[PDB]
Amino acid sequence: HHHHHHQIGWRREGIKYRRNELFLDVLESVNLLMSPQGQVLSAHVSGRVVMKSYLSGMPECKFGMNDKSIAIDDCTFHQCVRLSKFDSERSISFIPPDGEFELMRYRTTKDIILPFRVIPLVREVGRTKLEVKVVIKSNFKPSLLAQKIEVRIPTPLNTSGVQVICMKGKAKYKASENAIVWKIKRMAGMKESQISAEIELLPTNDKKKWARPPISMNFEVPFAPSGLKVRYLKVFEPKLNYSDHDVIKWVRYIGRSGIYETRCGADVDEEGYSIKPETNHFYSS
């Protein structure tokens, strides 16, 4: 009974790391079309899990998710994942490639945590004025902070001048872009902010009702709008004898805005050790 030799094409043998560790990045884009009254007309999240594996040997990994939450409509796995166990047990088990790879990508349309509601109100005062007020609510944990928030409010062509007021961030009228651009650096959850706009209009000869573009928003969020949460990443190397109890896990959720709209009334060193790449923690290089 001679035994076969196991050669995996995506991971060589003899990977040695001074410090066993791994990175998990849950990257997601949330998309939205919301009515002016707050009705979700469309919404979806595309996401993927990027793993950087700086582990030694041939480690056996089991990635655990908060799904028996996140409702997954369809997902494609990297070849390393054992498709048999995900069929029956819903387990994600693999010996990962060395370095960075995409463990899975997925799509979500249900139970989506929309990080921002935009409540718009545009009032008409004759053909020479247009009074705009826009509120944004952050509907996540107060513990968390959103970055790079930008709100785009469309202005009609015949805008002759705007005076804008806000108490958060900055708001500049960009006539070439036909928009008021409202940039906020940071904002916590369960909060509100508001912008005020008095827009002056030159009346035209049409009296054709202005067909509004939607109000769009850009932002980053430190969680997954799909609701996905990393429960565990168990590791076991049988030959070197180490488990995830001996490993450092670095986990990060980056939630991005995709099209988020709301209508407004319309490698090895000398000794055989692999070197990590480079780019404030007690254990980071």
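All residue numbers are counted from 1 along the displayed sequence.
Going from residue 68 to residue 69, the model skips 10 or more deposited residues, which lack coordinates.
Unmodelled residues of the deposited sequence between neighbouring positions residue 279 and residue 280 number 4 to 9.
For the pair 241-249 and 32-40, the mean Cα B-factor is higher in 32-40.
When the two stretches 76-84 and 166-174 are set side by side, the higher mean Cα temperature factor goes to 166-174.
The PDB entry assigns the greatest CA B-factor among 207, 186, 105, 137 to 207. Among 200, 192, 100, 111, the highest C-alpha B-factor recorded in the PDB entry belongs to 200. Looking at the C-alpha B-factors along this chain, the one for residue 95 belongs to the lowest third.
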